[PDB]
K.L.:
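Got a structure for you, questions after.
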Amino acid sequence: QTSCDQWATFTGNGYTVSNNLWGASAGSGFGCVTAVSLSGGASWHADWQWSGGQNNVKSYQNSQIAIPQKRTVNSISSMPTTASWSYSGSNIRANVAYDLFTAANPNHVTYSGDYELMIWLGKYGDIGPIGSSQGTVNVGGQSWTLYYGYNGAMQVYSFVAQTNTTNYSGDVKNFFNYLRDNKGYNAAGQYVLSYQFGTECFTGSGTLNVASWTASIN
Ligand SMILES: *[C@@H]1O[C@H](CO)[C@@H](O)[C@H](O)[C@H]1NC(C)=O
């Protein structure tokens, strides 16, 4: 269904579609989300317009999966996902990104973590991820610009596609592994707290169509 309410949510079959206009107060405009299907994955689209607050995120419209039992990264065998999306509109300053928190305590709050992992399939405008570039890295047979920095106590690793990746098939475990193997990341001791995919919107007019998004933790 459709709603333009700041905190609108639609749930079903382990999947949840959320408007999540958490920063709306930082700007002027609106955000509407439509959950088209929640069967065999999530199918949804977000329509929005924002002005003002140039460098502040207005929303993170997204789809995510439930994680009833938290497990360590190393204990998980695979975190497969697929995303099929397109973006249209004008003056778009926004991304298309996976977001995941991990923490050493499985019972940690799920709205923050010790680490934040982001995978930016899309990047529109001059927006930039947290921290600074670490250079190019190969993950899952695709090249990414890896960023690292702190956002408070939390360390954020953002893998940014070098071209907008509108049809994606991947395994988030490959990203945790890269961090494990090259950046001293404690996959042994970190629990996956969240698993979300959406669009951080700053300013402009945009329509994100997510034809399909799937995700699981096995
Ligand atoms: C995504 O596409 C937009 C609009 O064509 C472009 O300006 C931006 O450079 C692209 N980003 C990436 C990561 O290729």
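One-based numbering, in listed order, for ligands and for the atoms of each. Numbers here simply count residues along the sequence, with the first being 1.
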K.L.:
Just list the N/O pairs, ligand 1 to protein, that are under 3.5 Å apart, with the distance for each.
P.N.:
unit_1	atom_1	unit_2	atom_2	d
ligand 1	2 (O)	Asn164	ND2	2.3
ligand 1	11 (N)	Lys123	O	2.9
ligand 1	11 (N)	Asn164	OD1	3.4
ligand 1	11 (N)	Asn164	ND2	3.0
ligand 1	14 (O)	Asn164	N	3.1

K.L.:
Output, in order, the C-alpha distance, side-chain angles, deciding distance and verdict of side-chain contact (heavy atoms from CB on, under 4.5 Å) for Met79 and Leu100.
P.N.:
CA-CA 12 Å; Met79 293 173 72; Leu100 298 90; 3.6 Å; yes
K.L.:
State whether a side-chain donor-acceptor pair under 3.5 Å links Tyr148 with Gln155.
P.N.:
yes
K.L.:
When you look at CG of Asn91, are more than 12 heavy atoms from neighbouring residues, nucleotides or ligands closer to it than 6.0 Å?
P.N.:
no
K.L.:
Going by heavy atoms in the side chains, are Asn186 and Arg180 under 4.5 Å from each other?
P.N.:
no
K.L.:
Could I get the full list of ring pair (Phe, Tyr, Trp, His ring centres under 6.0 Å) partners for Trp144, not counting sequence neighbours?
P.N.:
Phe175
K.L.:
Testing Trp44, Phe197, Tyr168 one by one against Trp85 for a side chain to side chain contact (heavy atoms under 4.5 Å, CB included), which residue passes?
P.N.:
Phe197
